[PDB]
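Student: Before anything else, here's the structure in question.
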Amino acid sequence: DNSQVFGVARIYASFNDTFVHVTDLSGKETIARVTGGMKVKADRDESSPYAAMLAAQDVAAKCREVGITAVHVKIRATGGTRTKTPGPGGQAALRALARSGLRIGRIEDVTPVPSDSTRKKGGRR
Amino acid sequence: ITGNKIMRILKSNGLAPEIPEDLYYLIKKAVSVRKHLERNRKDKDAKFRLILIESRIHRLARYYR
RNA sequence: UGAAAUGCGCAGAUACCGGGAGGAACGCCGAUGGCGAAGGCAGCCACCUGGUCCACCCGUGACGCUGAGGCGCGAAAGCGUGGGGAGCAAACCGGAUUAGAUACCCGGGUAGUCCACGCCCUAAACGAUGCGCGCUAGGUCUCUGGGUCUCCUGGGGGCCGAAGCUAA
């Protein structure tokens, strides 16, 4: 709509799925993608690093119309994929962006953590 | 101890070689320690320090006379 | 998960954003590092407090060493009373694997793990090496103090090695 060119990209990995949303210098999201956004179904789409890759690109390409060029990447959460590929899951997204055409100014890990909300199950703790 | 409270105790103790002065210094430090120990009963490591001071005092009196 | 299943989810889970509550631990720095008598001790802040090194050589003038029994401290688990309980998890309840599985793997889960007060007193509580002092080539890296600071000197942590020691 209204060219921005410089902005932020938030990569939110999880064991389930990857969702990336690009934003303005301000923080208001330009566009967003995920594995679901692309037509890929729940298990594979969601997590698969491949998916993360596709989602990353879709996010950038869509943002390209917005006139996006440079972006700061923020990584939140850890997650990946089951896939045979190395599938860090998060990394692929970080990669797809660097390649997508946008110049990535920086990668930053700001995974949130609770002070200590509630007990995790899932064999955690 | 501060305020040169140490110094004052030292000066007041004596011109002498301060064996008696030493006794004074030790009693002063020990008292504070005993004081500290009133609280922080848990503070074992500090107590060890007391062990040395009390010990040295006891020894000095014997050595002295 | 090797594959799975139990399990959870349409009373809407998972993934995502915001708000809140609670417990426990303290990423990077972090080391091949430091402190303590040992057990042991790592977010930051203040208070209270122990030990310890160095320089000056100023004071006392053998006041020293070790130390049976005592007293004290003493990881974890465990015990008593009360509190707390997010995650983890003996026992236990299930799923799977197997010839069987009272196990390893997966899903749950109580004591416990946290705090206080009291008790227990153990350990591969290890350097498997009691404490003090003196004497006997060096080389190298390192932590901390002094110096005339491309190195000397004091205390500590490692490596290699003289003489020597050792069954190796």
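Student: Which distance in nm do the two modelled labels at A:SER115 and A:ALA77 give, with both placed 7 Å along the Cα-to-Cβ direction?
Tutor: My value for the distance between the label points is 2.4 nm.
Student: Which value, to two decimals, describes the C-alpha radius of gyration of chain B once divided by 2.2 N^0.38 Å?
Tutor: Compactness ratio reported: 1.19.
Student: What is the P(r) of the protein assembly as shown, as percent of Cα-Cα pairs per 5 Å bin from 0?
Tutor: 2, 7, 12, 12, 9, 7, 4, 2, 1, 2, 3, 5, 7, 8, 7, 6, 4, 2, 1, 0
Student: Taking the Cα centre as origin and putting +1 on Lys and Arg beta-carbons and -1 on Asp and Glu beta-carbons, what dipole magnitude results for chain B, to the nearest 20 debye?
Tutor: 260 debye
Student: Relative to the longest principal axis of the C-alpha atoms of chain A, give the angle of the C-alpha long axis of helix A:90-100, reported between 0 and 90° and rounded to the nearest 10°.
Tutor: Long axis of A:90-100 versus the principal axis of chain A: about 10 degrees.
Student: Same structure again: In whole Hz and in residue order, list the ³J(HN,Hα) couplings for the stretch A:22-34 that follow from phi through the Karplus curve 6.51 cos²θ - 1.76 cosθ + 1.60, θ = phi - 60°; x for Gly and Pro.
Tutor: Once rounded to whole Hz, the list reads 9, 9, 7, 4, 6, x, 7, 6, 6, 7, 8, 9, 7.
Student: Sticking with this one: Please give, to one decimal in nm, the separation of the simple spin-label points placed at A:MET38 and B:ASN40, each 7 Å out from Cα toward the Cβ.
Tutor: 6.2 nm
Student: Amide H neighbours of A:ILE31 under 5 Å, at least 5 residues apart or on other chains, H built in the peptide plane: list them.
Tutor: Amide H to amide H, under 5 Å and 5 or more residues apart or across chains, A:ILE31 pairs with A:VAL22.
Student: Let me ask you something else. Taking the Cβ-Cβ separation of A:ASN16 and A:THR69 as r and a Förster radius of 25 Å, what is the calculated FRET efficiency to the nearest 0.05?
Tutor: Numbers: r = 31 Å, r/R0 = 1.24.
The pair A:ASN16/A:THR69 has a calculated efficiency of 0.20.
We did not get these values from a lab; they are worked out from the coordinates using the rules stated. Note: ideal-geometry Cβ built from the backbone for every residue, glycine included; neighbour counts use all protein chains shown.
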